Amino acid sequence: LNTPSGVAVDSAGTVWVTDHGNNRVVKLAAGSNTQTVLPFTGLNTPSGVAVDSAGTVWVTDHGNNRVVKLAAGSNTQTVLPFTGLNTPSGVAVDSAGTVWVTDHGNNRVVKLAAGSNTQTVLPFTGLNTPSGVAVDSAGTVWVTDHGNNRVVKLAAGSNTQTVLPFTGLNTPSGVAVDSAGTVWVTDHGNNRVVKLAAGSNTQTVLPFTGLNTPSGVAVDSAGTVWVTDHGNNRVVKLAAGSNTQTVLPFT
């Protein structure tokens, strides 16, 4: 791996990672010790990655200002009909096929409606180079407002954006949310992963060891947390309640 940048997991425990420095996306099946390389073509510094229950994988092709997807078992990648993207940095999908992207260079989050392919700009305000995005089952959208060192969220159709009471963030880079409303953020500039548990107002720091500039985070329904340890070219995970991380066998 070369400065990996995004990570996604599905319910089967498969892990996808954007290997940003090597212009590729790699995959690890649960229990396997050898990654596979997804057959994308022409990627340039891929940033975010998202997967759905059908095994379709979306990647923000940061360097080519586009979002590309691959269906399970296909050699043909599809360029989505987003327009006017500038260094897009994160991507999220829901079960209806709606796609959200953090259009990092344009200080905005864009939504691509399934079917119609209508592109709308979410009414976030005051964003500055947003990096990561997550969407929960309720359709609430969380964004790491990287340039303003904060995390905000916007409920569906709302014009109320909420700043989460994370504290002391520095260039936050990724965000993950589970069914319960817990939120995890990679506080990239502070080499740590912070968490706001559902119903709490005090952030905690996950007991990862030796992180440098962590860049992406993913969680599953078991509460396992995966983090791309971007500055160490590795991916690490913690089982819920554990203090002993595992380093995944990416190479």
# chains A, B, ... in the order shown; residues from 1 in each chain; ligands from 1
>>> closest_atom_pairs(of="segment 68-140 of chain A", to="segment 174-182 of chain A", cutoff="7 Å", atoms="only C-alpha atoms", output="tab-separated table")
residue	atom	partner	partner_atom	distance
A:131	CA	A:174	CA	6.7
A:132	CA	A:174	CA	4.5
A:133	CA	A:175	CA	6.2
A:134	CA	A:176	CA	5.7
A:136	CA	A:177	CA	6.3
A:137	CA	A:179	CA	6.8
>>> residues_around(residues="segment 62-71 of chain A", least_positions_apart="6", cutoff="8 Å", atoms="only C-alpha atoms", output="count of residues only")
19
>>> closest_atom_pairs(of="segment 4-41 of chain A", to="segment 92-102 of chain A", cutoff="12 Å", atoms="only C-alpha atoms", output="CSV")
residue,atom,partner,partner_atom,distance
A:6,CA,A:92,CA,11.5
A:7,CA,A:92,CA,11.4
A:8,CA,A:92,CA,9.8
>>> write_last_selection(atoms="C-alpha atoms", output="compact mmCIF listing (two decimals), in the first residue's frame")
# COMPACT_ATOMS: atom_id res chain seq x y z
CA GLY A 6 -10.43 5.39 1.98
CA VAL A 7 -11.93 2.19 3.35
CA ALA A 8 -15.32 0.50 3.09
>>> select_by_dssp(residues="segment 78-121 of chain A", states="strand (DSSP E or B)", output="number ranges by chain")
A: 78-79, 90-93, 99-103, 108-112, 119-121
>>> write_last_selection(atoms="C-alpha atoms", output="mmCIF file, in the first residue's frame")
data_model
loop_
_atom_site.group_PDB
_atom_site.id
_atom_site.type_symbol
_atom_site.label_atom_id
_atom_site.label_comp_id
_atom_site.auth_asym_id
_atom_site.auth_seq_id
_atom_site.Cartn_x
_atom_site.Cartn_y
_atom_site.Cartn_z
ATOM 1 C CA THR A 78 -19.085 3.210 -15.289
ATOM 2 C CA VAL A 79 -18.448 6.945 -14.989
ATOM 3 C CA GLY A 90 -15.545 10.973 -0.318
ATOM 4 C CA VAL A 91 -18.564 9.011 -1.505
ATOM 5 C CA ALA A 92 -21.591 7.413 0.147
ATOM 6 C CA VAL A 93 -24.527 5.434 -1.193
ATOM 7 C CA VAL A 99 -24.959 8.695 -4.355
ATOM 8 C CA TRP A 100 -23.516 11.551 -2.276
ATOM 9 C CA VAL A 101 -20.042 12.970 -2.909
ATOM 10 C CA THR A 102 -17.983 15.523 -1.019
ATOM 11 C CA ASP A 103 -16.983 17.874 -3.848
ATOM 12 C CA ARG A 108 -19.944 21.402 -1.290
ATOM 13 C CA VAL A 109 -21.711 18.058 -1.103
ATOM 14 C CA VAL A 110 -23.523 16.914 -4.240
ATOM 15 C CA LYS A 111 -26.306 14.344 -4.437
ATOM 16 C CA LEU A 112 -27.070 12.259 -7.516
ATOM 17 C CA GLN A 119 -27.684 16.469 -9.330
ATOM 18 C CA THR A 120 -28.462 18.707 -6.351
ATOM 19 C CA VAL A 121 -26.210 20.560 -3.928
#
>>> atom_distance(atom1="atom CA of residue 166 of chain A", atom2="atom CA of residue 141 of chain A")
16.5 Å
>>> atom_distance(atom1="atom CA of residue 188 of chain A", atom2="atom CA of residue 172 of chain A")
5.2 Å
>>> atom_distance(atom1="atom CA of residue 163 of chain A", atom2="atom CA of residue 196 of chain A")
12.3 Å
>>> closest_residue(among="A:243, A:38, A:60, A:9", to="residue 73 of chain A", atoms="only C-alpha atoms")
A:38
>>> closest_residue(among="A:1, A:138, A:12, A:30", to="residue 52 of chain A", atoms="only C-alpha atoms")
A:12
>>> closest_atom_pairs(of="segment 10-94 of chain A", to="segment 205-229 of chain A", cutoff="8 Å", atoms="only C-alpha atoms", output="tab-separated table")
residue	atom	partner	partner_atom	distance
A:10	CA	A:220	CA	7.2
A:11	CA	A:220	CA	6.9
A:17	CA	A:228	CA	7.8
